[PDB]
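A.B. asks: Okay, structure incoming, though there's no sequence with it:
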RNA sequence: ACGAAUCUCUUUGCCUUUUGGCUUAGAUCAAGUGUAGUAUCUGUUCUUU
RNA sequence: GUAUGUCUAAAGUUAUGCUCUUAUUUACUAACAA
Ligand SMILES: [Zn+2]
Ligand SMILES: [Zn+2]
């Protein structure tokens, strides 16, 4: 059922919100709200600001601090946000202290599963689609190989079709060297080495053929 | 430690790895054939491969040691935590 | 043997004035400047002419400022072609990768060796991995302390100097009114 | 998986296309280049690997690690001349980086082409490199059993690094050396050079003080203390600002009078004391030690 | 700096109002 | 295939900003004595971007682990950028008053900028009020 | 061999120059004054290119805003009045190299071609041809009359922070971020010689007037180079000073260098002797990183330095006419020798 | 660009006339090797000979192979390039090939390089050519 | 995904590229003649 | 015990898969159903381990 | 519903703890119906 948001902060929900904040940061409150099926953006942000943020404090005030507080009250009359700032505390808590001084789970688990799923899924659709295409492509390739290999076993040699070249100057790199930038001309002689490496190459090819 | 020092210090090390255990020029061609021991070059090749292999396995061990979501993030938080 | 890195040599490091100040590097000769100008001016004029007569706009044709292939001899000619068909059939805006052709090697040669200041500095220069309160591209979750910061609301002291006087003033004023 | 030849060819192609593509975007990602080159090496096609390295080099020469990787790749297939040629080229390009030189040196050492390593070392040292280069060279030339020509390079090692540490190191070497005559000779040389370039055109008073101290203790081991004494007098004579020098002298006197030692040393302590502010203790000390005009003048002060 | 021999100038408007050229056309009479 | 596009009203901002980050990056590399990699410049420029945003917010950009010189440099460059922005905004608003040809999108942009500017001004005034009494 | 050279250095004496003081300050622009260039025919007015894009022309004598010029879109990174013919070239990050005509105060000819935001223009002294180079890493050469690019001096492997056109064979000195400098056989389309004696961005270069040389800057070191052979001339004593933005040399061998520190350096061009440091001031409201001299040039006289600082200020500097060898000498020059270049 | 290099045509090909009149169309075709514009030169060998001879390849290509621009043969020996490379491979060496890259982009790139190919290095300098010839002769007997 | 600018399109390639021979709008000859100074 | 080599660990050094732009945070946060698919749920029984 | 992107369009290149059965949710998707 669709409805108007609000309610009360269940601890699991709070935890989820915290996680979201770690993920997306303190200025994308829409996304975090979306992550919570019950609670609004504004609600969420407020909660983070007021209760949930770890760079707040809820430790009791020293006698000096009490003095500072009540003195502020005396001097700044009920401008409690300002007062809170002065204290260096969140405002509601300060107010409460001042006042003191003067005198179901299936649903929750659903959003959890969804939440964890989201947070562990950090890529735009382009990415997902791309990896999908990659694995599909791989599958296609192996299937093709299986055909080719099958035919070889059968006795019909089929050369693998090239990639249908996208443009006139598209390169196949096995045809010939990519952009043979040769080594710097030889000061020390290199002839024997050239031979040996050539032999090694040819030998490798032979091995592959036999393999 | 600069790359000045770390070079010389690594130079000093591989000299301890050594401490464990002719020129002919055709000036018209410019080809300076230094005919040297083929057994020693092979001993360089095997040693140098072994040095690189030792290092390669060293990372593999350190990768298999263990507030994140994916492989990279875990390491990225480790890049933050080291500070 | 006197060839190992023959391209590099110490005299390139040597400043050729530090020894002998007032080593009068001669400002170029006027006559030789006329030479250079003549050469380069001739060249650039030719180049621009080439550029111009190349282009299809016949409009820019009016701002345009024999051989032997052995001991054997021959006459070269340029046959005028139909001014419908493309002037330069060859050129077709090819993509071409350039080979560098850095056949001669060239040094990169800096003289310094800093150890004390050069090693003490990197500890200061090491920049922290920038993380935002705005925008993760990769969606890496990270610690909340590393996320949100500033931590400087403390001040509270100079701000109050006057407020006391003000609120106190109000209190006293009110008292006076009341009584 | 990779069974037949043609199939392997296709694999090679596809991989290349990936690698090539990724290079196209970020021409500079040397990690990507070197990875690609590793791939070439793996394929056992060396020429292509070489080409890749070359291209990579062109894209960014200053990245030393790339050079190193190329070098080692070359070494791998026992294509030693290519490695050597390349390393020479690297040196030519970037001589003022050390790791290239060291790479070359180790290669040659393993090769046991000792003459060539000497020759190259001569070159590198000739370019007025870091002290480190000199030291490594010396170590090489000590690991080389001989003790001549080494002398010449030590002489040149002062020429490039006129530093007292150099001199001291040389002296240490001569200590290893059997013939004590050269030790004294070296000391004489060093002192002479110091004398010649007396004026403010070298190291501070510290280095010279250190040198004088070292010399003094060498002589102390040897017979002729007369000459040591003479040197000390000469030193105080030739040099002003003799806090270090006087200190050393005092120490020597103590070793080898007592009143003098207490006097000058104590006075120094007063100077030190002054620098700190026990200023009362200083003045008192002066009064006791004294001279008495300077005691009462400085007392007044 | 109101005191020092450094002479500050917070200029705003043009003197020559984009008509008077910056270099003048030399010619015959 | 040497297309190279000019700047125009439509792509002016993007070009500006790329030029800026190139300049900043260059300066930082000049400063940096280790000769760090491009990947280590990514951290730098990203840092810069965050700084810019912080400035936009009027939240002071005080990252602890930096070297002071870098912090200085970035502060400078964002001041330059900021100056460019504010003046541009001012020019736009006069333009809008005049009733000139101006992009619907552009006018919205200007509204946004001027709002942020206003908020920044305002809370600066609050700060001022705090810092030296009513 | 070092001791010989050092000895020789000590033997010689770098001459005394009169020191400098902040004569005039102009808070004219509403941005950084990244370009400054002064009319070499008359020595009357000098223009300065802001980041605003409004290059403003300033009389020296009065100091007043002579007139604004605003044909560009993005920061006018460089300008260059041609003494040879009455054409104020300029250039922005908008990739334009617009040629103004001062006989009309409008723009005349644009030079399209540049792939990326061009940093510097230099006009050829003995030709009607101008050189320009930017992030493209390419120093192009424009024929003015015909407004085409004639030639493109490819070579540099990174953006090309300065350029200087000379009259000789090496017609272009191209100073890049690539930690190089190039001299070119312009006719050939080839670097005749390539000096590389810099660790960092070679991002401030200047031709000496009556010497035929060119000083260049790095992050600290400031070489000075003799471009006949393509040879080095002199290392300088810039060992602790900042990243040099600009490097204008005086007529009287008084090489200036502008610090990203903010500190105005001052060198004897012949020797290298740092004969004055001067920590600049910022405008009252500025931040402490902003005091950075981003531009500089001397007049025809050589007795007025002009500096485009990032405090939106165009500061001007006189040599002290009350100065002597005893009343303000230099900074007691001393070649350091600590594994140094001298 | 400027017409800096001259055309590289051999003798046999060109024909035995004291003066022929050829024409040059600049930027006049893509070559037969490297797909790249060049100055196409062409001529009837005689006046009344029907067959025109057009310069197939570009001058850079010609230089690179060290060949005629009309014959595709070595300018020295007037023989097929491949054949001459085989001959060279046989005497003095074991391996001398002149690999043209059969990919349309790479061929251009290769053409651009001012570097002689295997056999071309021998046949360029006439001394070396002569040496090769004498060695070949020796091999014969 | 979509990434900042680092290594600019260097006009090395554009130099080695073949000419187009198009006639752009502004390369039409504007202000043919140059001015000069008195000197 | 000194010298060396091999192995394992720990401390530091190296960051070794270790955040790659800009705009008005680039903008705005909903009223749906049944039919099907897909996945995910949960129960549900029994089998044998 | 589209941009857009792949695919096909035929001729043979000469080598020797689980399985199970179901019913329910929720989500997403759907030019399919309402
Ligand atoms: Zn022919
Ligand atoms: Zn060709």
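C.D. replies: Perfect, I can see it now. Numbers count the residues shown, from 1 in each chain, chains lettered A, B, ... in the order given. Ligands and ions are numbered 1, 2, ... in the order given.
A.B. asks: Spit out the contact partners of the residue in chain F that chain C sits nearest to.
C.D. replies: Of all residues in chain F, residue F:133 sits closest to chain C, at 2.7 Å by Cβ to the nearest Cβ. Heads up, the C-betas are built off the backbone N, CA and C, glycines and all. By Cβ atoms under 8 Å, 6 or more residues apart in numbering or on different chains, the contact set of residue F:133 is C:159, C:161-163, C:166.
A.B. asks: Including distance to chain D, could these go into JSON lines?
C.D. replies: Output for the contacts of residue F:133, formatted as JSON lines (distance: Cβ to the nearest Cβ, whole Å):
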{"residue": "C:159", "distance to chain D": "44"}
{"residue": "C:161", "distance to chain D": "41"}
{"residue": "C:162", "distance to chain D": "46"}
{"residue": "C:163", "distance to chain D": "48"}
{"residue": "C:166", "distance to chain D": "51"}
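A.B. asks: which one of those is nearest residue G:123?
C.D. replies: Taking Cβ to Cβ as the measure, residue G:123 lies nearest residue C:159 of the contacts of residue F:133, at 58.3 Å.
A.B. asks: Okay, and the closest residue to that closest one other than its chain neighbours sits in which element?
C.D. replies: Nearest residue to residue C:159, sequence neighbours excluded (Cβ to Cβ, 6 or more residues apart in numbering or on different chains): residue F:130, at 4.2 Å. Per DSSP states H and E, residue F:130 falls inside helix F:104-131.
A.B. asks: Ok, residue H:40 next?
C.D. replies: Using DSSP H and E, residue H:40 falls within strand H:37-44.
A.B. asks: quick one: is the helix or strand following that strand near chain C?
C.D. replies: Once the chain leaves strand H:37-44, the next helix or strand it forms, by DSSP H and E, is strand H:52-54. No - shown here: strand H:52-54 not in contact with chain C (Cβ under 8 Å from any Cβ of the partner chain), separated by at least 11.5 Å.
A.B. asks: close to ligand 1, is strand H:52-54?
C.D. replies: No - using Cβ under 5 Å from the ion, strand H:52-54 stays clear of ligand 1, coming no nearer than 7.8 Å.
A.B. asks: helices or strands up against that strand?
C.D. replies: Packing partners of strand H:52-54 (3 or more Cβ pairs under 8 Å, 6 or more residues apart in numbering or on different chains; DSSP states H and E): strand H:37-44.
A.B. asks: who does the strand it packs on touch, helix- and strand-wise?
C.D. replies: strand H:20-30, strand H:52-54, helix H:59-65.
A.B. asks: Looking at chain H, what residue ends up closest to RNA strand K?
C.D. replies: Relative to RNA strand K, the nearest point of chain H is residue H:102 (15.8 Å; Cβ to the nearest atom of the strand).
A.B. asks: And that residue, how close does it get to chain A?
C.D. replies: Here residue H:102 is placed at a distance of 5 Å from chain A (Cβ to the nearest Cβ, to the nearest Å).
A.B. asks: got a list of what that residue touches?
C.D. replies: Neighbours of residue H:102 in contact, by Cβ under 8 Å, 6+ apart: A:175-176.
A.B. asks: Same check on residue H:75?
C.D. replies: H:8, H:10, H:66-68, H:123.
A.B. asks: Now list the buried members of those.
C.D. replies: H:8, H:10, H:66-68, H:123 (16 or more other Cβ atoms under 10 Å in any protein chain shown).
A.B. asks: Tell me the buried residues in stretch H:97-109?
C.D. replies: Per 16+ other Cβ under 10 Å, stretch H:97-109 contains these buried residues: H:98, H:100-101, H:103-109.
A.B. asks: among those, which are in reach of chain C?
C.D. replies: Answer for the buried residues of stretch H:97-109 near chain C (Cβ under 8 Å from any Cβ): H:105, H:108-109.
A.B. asks: mind putting those residues in TSV, secondary structure and distance to chain E included?
C.D. replies: Shown next, in TSV, are these (DSSP: H, G, I helix; E, B strand; the rest coil; distance: Cβ to the nearest Cβ, whole Å):
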residue	secondary structure	distance to chain E
H:105	helix	51
H:108	helix	49
H:109	helix	50
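A.B. asks: Could you give me the ChimeraX selection string for whichever of the contacts of residue F:133 are buried?
C.D. replies: With 16+ other Cβ under 10 Å as the criterion, this ChimeraX line picks the buried residues out of the contacts of residue F:133:
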select /C:159,163
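A.B. asks: which of the contacts of residue F:133 lies closest to chain G?
C.D. replies: residue C:159 (22.3 Å).
A.B. asks: quick one on the thing from earlier: just the helices and strands packed on strand H:37-44: most buried one?
C.D. replies: helix H:59-65 (a mean of 22; mean count of other Cβ atoms under 10 Å in any protein chain shown).
A.B. asks: And that helix, how far out from the chain middle?
C.D. replies: Relative to its chain's centre, helix H:59-65 lies at 6 Å (Cα atoms, centre = their mean, to the nearest Å).
A.B. asks: tell me what the helix or strand just after that helix is packed against?
C.D. replies: Using DSSP H and E, the helix or strand that follows helix H:59-65 towards the C-terminus is helix H:81-90. On a contact count with 3+ Cβ pairs under 8 Å, 6+ apart, helix H:81-90 meets helix H:118-124, helix H:126-140.
A.B. asks: 6 Å instead, please
C.D. replies: helix H:118-124 (3 or more Cβ pairs under 6 Å, 6 or more residues apart in numbering or on different chains; DSSP states H and E).
A.B. asks: Give the burial count for the residue in the stretch 101-250 of chain D positioned nearest to chain E, as a bare number.
C.D. replies: Closest residue of the stretch 101-250 of chain D to chain E, Cβ to the nearest Cβ: residue D:200 (37.5 Å). Per other Cβ atoms under 10 Å in any protein chain shown, the neighbour tally for residue D:200 reads 9.
A.B. asks: that older thread, wait, which of the buried residues of stretch H:97-109 is closest to chain B?
C.D. replies: Nearest to chain B among the buried residues of stretch H:97-109, with distances taken as Cβ to the nearest Cβ, is residue H:98, at 20.5 Å.
A.B. asks: Nearest spatial neighbour of that closest one, chain-adjacent residues omitted?
C.D. replies: Nearest residue to residue H:98, sequence neighbours excluded (Cβ to Cβ, 6+ apart): residue H:117, at 4.0 Å.
A.B. asks: separation between the one you found and residue A:180?
C.D. replies: 12 Å (Cβ to Cβ, to the nearest Å).
A.B. asks: wait, does stretch G:29-40 contact chain E?
C.D. replies: No - applying Cβ under 6 Å from any Cβ of the partner chain, one finds stretch G:29-40 separated from chain E by no less than 7.9 Å.
A.B. asks: which other residues reach that stretch?
C.D. replies: In this structure, residues lying in contact with stretch G:29-40 by Cβ atoms under 6 Å, 6 or more residues apart in numbering or on different chains are F:80, F:83, F:87, G:45-52, G:76-81, G:83, G:294-295, G:297, G:299, G:306, G:308, G:310, G:312, G:314.
A.B. asks: Check stretch H:5-25 too.
C.D. replies: By Cβ under 6 Å, 6+ apart, stretch H:5-25 touches C:69, C:73-79, H:39-43, H:45, H:59, H:62, H:68-71, H:75, H:78.
A.B. asks: what are the ranges of the helices in the chain?
C.D. replies: In the absence of a named chain, this looks at chain A. Remark: helices assigned in chain A by DSSP state H are A:11-24, A:29-35, A:41-47, A:63-75, A:80-87, A:91-102, A:105-119, A:125-154, A:191-210.
A.B. asks: wait, chain I
C.D. replies: I:12-16.
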